[PDB]
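*Asks:* Here's a sequence, model it:
(chains A and B)
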Amino acid sequence: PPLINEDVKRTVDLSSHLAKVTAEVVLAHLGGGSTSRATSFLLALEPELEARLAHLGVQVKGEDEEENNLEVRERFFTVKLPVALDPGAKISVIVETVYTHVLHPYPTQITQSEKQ
Amino acid sequence: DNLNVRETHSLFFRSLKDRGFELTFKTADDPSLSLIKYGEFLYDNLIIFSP
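*Replies:* Numbering: from 1, shown residues only, chains lettered A, B, ... in the order given. Okay, here it is:
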């Protein structure tokens, strides 16, 4: 159950009027003990953008989408893997999120013949 | 005007700072000088001692 992510590549798209960030994260399980449980893995969000989330989705290898349950820890999202991983195996997961109302216009008062 | 004027006007500026203002001294001909930046008014009070 204690595991780390080996390589994470995240791309943020700002060319829309809403920000879409996609993170390819490879979960690896440190081979300590024979506890092969490793079923659900936590997902977290920064506090400043908590209220600005729209739709969170997880896709693996391009295959069927997994299911994520909102979770509270004494917000978080728990993700149930299809096949639990034994210690010493890597799974490639893709986390894609969309944030709405996150690009504020800075000049905030723009004439007709200007740029934004 | 000459950046040495602050020395010979010290009393006024010491009083002004003692009241609680943040004083920035520049020379009237300075390339980095501006009031608005993207419509912000980054300086709330202006003082011209440069005839």
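
*Asks:* Could you find the closest non-adjacent residue to the closest residue to chain B within chain A?
*Replies:* At 4.9 Å from chain B, residue A:107 is the closest residue in chain A, using C-beta to the nearest C-beta. C-beta coordinates here come from the backbone N, C-alpha and C atoms, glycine included. Excluding its sequence neighbours, the residue lying closest to residue A:107 (C-beta to C-beta, 6 or more residues apart in numbering or on different chains) is residue B:38, at 4.9 Å.

*Asks:* which of the residues in the longest helix seen in chain B are buried?
*Replies:* Secondary structure of chain B per DSSP state H: the longest helix is helix B:10-19. The neighbour-count check on helix B:10-19 (16 or more other C-beta atoms under 10 Å in any protein chain shown) flags residue B:13 as buried.

*Asks:* Contacts for it, please.
*Replies:* Contact with helix B:10-19 is made by B:6, B:23, as judged by C-beta atoms under 8 Å, 6 or more residues apart in numbering or on different chains.

*Asks:* redo that, cut-off 10 Å
*Replies:* Residues outside helix B:10-19 that contact it (C-beta atoms under 10 Å, 6 or more residues apart in numbering or on different chains): B:5, B:6, B:7, B:9, B:21, B:22, B:23, B:25, B:45, B:47, B:49.

*Asks:* so how many other residues sit close to residue B:3?
*Replies:* Applying other C-beta atoms under 10 Å in any protein chain shown, we find 10 residues neighbouring residue B:3.
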